[PDB]
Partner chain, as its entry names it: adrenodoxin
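The chain below stands alone and is given as structure tokens, in the form deposited without the partner chain.
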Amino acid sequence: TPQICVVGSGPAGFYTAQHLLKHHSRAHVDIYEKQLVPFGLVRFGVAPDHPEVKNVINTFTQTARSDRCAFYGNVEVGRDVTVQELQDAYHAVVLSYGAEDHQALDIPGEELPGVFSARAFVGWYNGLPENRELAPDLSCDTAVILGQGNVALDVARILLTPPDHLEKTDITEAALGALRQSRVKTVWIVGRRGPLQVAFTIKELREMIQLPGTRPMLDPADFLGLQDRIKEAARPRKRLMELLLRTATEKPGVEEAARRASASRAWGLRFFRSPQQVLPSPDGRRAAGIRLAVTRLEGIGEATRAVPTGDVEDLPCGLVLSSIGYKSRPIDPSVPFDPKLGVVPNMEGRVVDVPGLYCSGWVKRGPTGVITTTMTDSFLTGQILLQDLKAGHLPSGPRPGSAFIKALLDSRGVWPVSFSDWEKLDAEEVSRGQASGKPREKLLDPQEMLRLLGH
């Protein structure tokens, strides 16, 4: 019986195991995860008001219920067990542990209270234990988000949705209460390039424009010559661009003009501005604005690079959210790493110079794909791995798998969480969300979670 194992239980991992299980009748797959619960960013990243995006959990679960698959929660690879150990124990090892860091802003004042990375702000509301005590000061009246992608859109939306519309989501009870007292009435999504280079997608952009109680603030001037450049543009790009174009230059209607008129909150899109410095409040105890450098685009097409003009702009705010870039981290000494592209060097999923060591998901291609890309691309990694297996390019005969690895964990006093254990944790989250109308009220304390399991 071939023994394969994966590191990370997000889409990369589950989808790679899914393929392995479907295309190899007797292989056994073990999924190691550092958090106590599986699913990674489907649970800690996808916003709470996008439950439909989280329905892939339904396919993760049927994969995890195969009699040849087992989940190992609460096992931090590169600390509880090394990659080499995993490598000696199994015939193949798949690195799929995402891209955990965020790229720092690297600008003076980035330390000031009120400056957060967008991904941490999402973990706060998404119940990722390490962000539980993030306690953001939502008492200011404005928030600036650096970077124009969906993550930026996601936090903007959550800071402006009227709290009652969030009430039946799976957002944490604690974050909900923070939003209820929030005084944040305006959200600027600042980018350094232009409308052509925003990275968001149409489903999010239109949810932003139709978000009850809010009114968009686009400057007509940013969209000059827009309709002329997108003339040749493919459907996706063009539709998006006309949606931005239309919202920026057309007069609305009598009902939509009126709705915008009475909206208490607002959100805009700023362009050709790059983060230069976080501005201090008079007393130095918090952020009170951000110093932006004016930029001008040069070069053609997909190769346009902003260049400073020399001009700067001070933009007041009491919250600076950075969402410009996630990067993988080197997990074990023995694992190759490309610090530039924050990825583990590989050739279609085969790690550079280390037989039996594969990769998939963000750690394989960079932090760009959405779940479907990650989905399909992960099946490509499973294809290679099983081809190498079939060609006999993995060690032969017999490997112990979990039998060996379980021993090491036991001896180190690491208590692994099985799939069943997660099912017991799931039940409790559901039961405690019933009283308040929610799909679940997430468990934030690992000790508490371990004790409900009997440890």
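Think of the rigid core as the biggest set of C-alphas that the two forms share within 1.5 Å after superposition. Numbering follows the first chain given and starts at 1. Shifts are known only where both forms have a C-alpha.
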Worksheet entry | Average Cα temperature factor in the PDB entry - higher stretch of 444 to 452, 2 to 10 | 444 to 452
Worksheet item: Of the two stretches 110 to 118 and 246 to 254, which shows the higher Cα B-factor on average in the entry?
Response: 246 to 254
Worksheet item: Among 222, 204, 88, 76, which carries the highest Cα B-factor?
Response: 222
Worksheet item: What's the residue among 229, 365, 157, 270 with the greatest CA temperature factor in the PDB record?
Response: 229
Worksheet item: Lowest, middle or highest third: where is residue 136 by C-alpha B factor in its chain?
Response: middle
Worksheet entry | For residue 187, the third of its chain into which the C-alpha B factor falls | middle
Practice prompt. Looking at the entry's B-factor column for C-alpha atoms only, identify whether residue 16 ranks in the lowest, middle or highest third of its chain.
Written response: lowest
Practice prompt. Please rank the C-alpha B-factors of the chain's modelled residues and tell me whether residue 336 sits in the lowest, middle or highest third.
Written response: highest
Worksheet item: Within this chain, which third does the Cα B-factor at residue 350 fall in: lowest, middle or highest?
Response: lowest
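We do not show the form deposited with the partner chain bound, though everything after this point is about it.
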Worksheet item: Among 376, 197, 281, 334, which has any heavy atom within 4.5 Å of the partner chain in the deposited bound form?
Response: 376
Response to the item:
Note: exactly one of 350, 365, 327, 215 sits with a heavy atom within 4.5 Å of the partner chain in the deposited bound form, namely 365
Worksheet item: Pick from 267 to 275, 377 to 385, 136 to 144, 316 to 324: which stretch has non-hydrogen atoms within 4.5 Å of the partner chain in the deposited bound form?
Response: 377 to 385
Discussion item. Test of understanding: in the deposited bound form, would residue 206 fall inside 4.5 Å of the partner chain by heavy atoms?
Written reply: yes
Fill in: Residue contact check: residue 372 to the partner chain in the deposited bound form, 4.5 Å heavy atom
yes
Worksheet item: Would residue 411 show up as a contact with the partner chain in the deposited bound form if we use heavy atoms at 4.5 Å?
Response: no
Worksheet entry | is_contact(residue 305, the partner chain) in the deposited bound form, heavy atom dist at most 4.5 Å | no
Item to complete: Overlay on the rigid core first, then point out the one of 106, 298, 353, 283 whose CA is displaced 2 Å or more between the shown form and the other one.
Response: 298
Response to the item:
in the deposited bound form the CA atoms of residue 302 and residue 347, compared with here and shifted by at least 3 Å, lie closer
Worksheet, complete the sentence: The CA atoms of residue 301 and residue 218 move 3 Å or more in the deposited bound form, ending up farther
Item to complete: Pull up the moving segments between the shown form and the other one: at least three consecutive residues, every CA shifted by 2 Å or more, rigid core held fixed.
Response: 296 to 309
